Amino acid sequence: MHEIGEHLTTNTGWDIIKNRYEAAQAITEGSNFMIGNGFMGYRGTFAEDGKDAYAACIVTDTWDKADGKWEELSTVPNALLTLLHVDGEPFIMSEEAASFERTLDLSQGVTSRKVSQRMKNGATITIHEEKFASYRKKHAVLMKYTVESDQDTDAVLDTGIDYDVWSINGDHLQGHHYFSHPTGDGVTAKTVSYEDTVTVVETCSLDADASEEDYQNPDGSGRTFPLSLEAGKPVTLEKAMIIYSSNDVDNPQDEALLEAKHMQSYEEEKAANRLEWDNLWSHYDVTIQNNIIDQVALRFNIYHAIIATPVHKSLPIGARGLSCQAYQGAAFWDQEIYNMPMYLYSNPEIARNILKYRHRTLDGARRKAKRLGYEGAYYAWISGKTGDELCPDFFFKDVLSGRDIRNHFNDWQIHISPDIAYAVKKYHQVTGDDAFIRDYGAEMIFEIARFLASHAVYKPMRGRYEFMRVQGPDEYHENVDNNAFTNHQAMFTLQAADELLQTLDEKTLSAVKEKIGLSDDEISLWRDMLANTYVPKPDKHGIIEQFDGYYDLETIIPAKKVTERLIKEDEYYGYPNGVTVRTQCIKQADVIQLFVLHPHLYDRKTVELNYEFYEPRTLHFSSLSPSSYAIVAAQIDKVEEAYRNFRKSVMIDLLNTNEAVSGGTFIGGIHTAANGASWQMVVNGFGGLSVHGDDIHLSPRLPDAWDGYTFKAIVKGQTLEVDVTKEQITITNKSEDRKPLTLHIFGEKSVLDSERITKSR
């Protein structure tokens, strides 16, 4: 049908259309309408755009630390740059264009613009441009650009490679060397810190015959074509931009030249990309019946998750994906807790490879732990190629003094480690993949249990272990003790480790133990900690205290009342002396995050009482927060409140609602964790899907705004399809080697055999 928001609509449920150009909203648009394929992201700019419009092509595995502090992915030369003059006048976007639309077609990752603007000579010029990053040939991004005049006119088209690109924390590439090949130009350059080679090759094909002249200068190269446009006769340019680095392959320039030489036409490459995207959507599409706005917003988020996910090499999903350099193209706990579940239940080999990325980087976690005085694996807060910590000590500034502030994201926020062990165990429960636990997952869980045993303190007069001096998911409170989320998660790891010691076969167990030198003394300490570690529990009013002493901080309800205490609008809110430090205002889900990860650990009334206590004290100043409260709301029958938090979460980028800057650091770009959680809110939230042992739970609720929804979930290799209407719930076991399962729908057991099982409200 209709209207999403600003001036955005959908016509099909698969497309987002913006029909007014406004330069204020251009750029937010560069993120939202971007294209990509897990190897690169190419911002949704128009072919004339460069550094002033924040154009960028961000490429995986090109980390560089040129400014001496921020290691982030490189932005590379732009081989799609294309500039039009019409009788001398440059074509420049105006808000008064006779006609403007930009469209992102989510069914195939094709982004485009159609614009008509009358020029000073009277000619009305129409440009249609479309671009996509090939999911078939992941090193290539392709464009078709067509210009048409309604009136005979001369014009000039320049096209080439722009070296002078936007980069947030210093230019990452130096030493640019021009070269030519039969279909265009190329540039090879080297990164600043590691001196890796990056090559961009441009191919260019123009359908009109015209004298053409090349140019090469220190800021780019290219060629110019004078055109005689005839009334109503369009001229089409097709370009490919191909990128390889020495981290992808041995002699990248050679390789980029071969990929260029064998590239097929724009249309042939477009059809092959469409076939790959049909296959992606067959895994991940979730349908929503009779709410096309919600339907398209969900597809927008899943689309953004997919294009942020590297599948060509063992690499992290960035917390802003490849939409820009913010958050360093690197993995945070968002990767396992927010992004992995869609993959776990829809295409588990992708989840396995996420976890294998954490295995591959376990040495970085071992070195981090040792550097900080611990043992085991303390995973990096911000993980890039090797697993060494990329998060600086001074992430932010105190904007009131101009001084760096020391936030302990990188060394007190320890929950990253047991979050990884949790994800290992979840992946094992859902898939039944024993071999993963034998070869990789058991070693991971035990090194994480060893780390937690080395961080913990024992308090002999209280007879208990405690986790002191931490930062929990609510990052604004640092230096807290016995954060409830972290304590519980630590106990779930130790419990998983204890289970493996009792359950693995003796040969696998001996091998893992000898590999990581695990002693009987440590195993005894883990079992002592399982029996005596303090875990925050519900008080006489049902409330789980967020960390020790949180109840004595100042109650401010609702939490945004604290924003009245700001002196400058862009002050960091948290430690050491931000406005929230001695208040109960929290950045995001912390106790409520516990219930998302462990939905049946506490009973529905305890979860409700904690929801009703913490929601009004949460700022939701991380994109991670609204979806956690949506998922918990859906399952204590606060469905309409869940729906509202669903909308907050699915619309964060589309309708632009979160802070670009905080404490002097750029925080903006696409919110990849929120993209992942879109799927979770429907399937784990409204659907109530969770897996305990052999036990599959479903509890499907239905927002009043929808007439139904449907999703697939793969549990123990069985592909199930769950369809929810007003009246009923249908579960179909699709699949060749089909086995019996056993459900729990709204708390009743009902052994599934073979395609029947309809039940009601």
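A residue's number is simply how far along the shown sequence it sits, counting from 1.
Mean CA temperature factor is higher for 654-662 when stretches 578-586 and 654-662 are set side by side in the entry. Looking at mean Cα B-factors across 739-747 and 13-21, the upper value is held by 739-747. Annotation for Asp64, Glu48, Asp61, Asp695: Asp695 ranks highest, by Cα B-factor.
In this structure the maximum Cα B-factor among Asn487, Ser112, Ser625, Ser690 is found at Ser690. Sort the modelled residues of the chain by CA B factor and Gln635 lands in the highest third. Remark: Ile667 belongs to the highest third of its chain, ranked by C-alpha B-factor as recorded. Annotation for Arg43: CA B-factor lies in the lowest third of the chain's modelled residues. Split the chain's modelled residues into thirds by C-alpha temperature factor. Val156 is in the middle one. When the modelled residues of the chain are ordered by their C-alpha B factor, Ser99 lands in the highest third.
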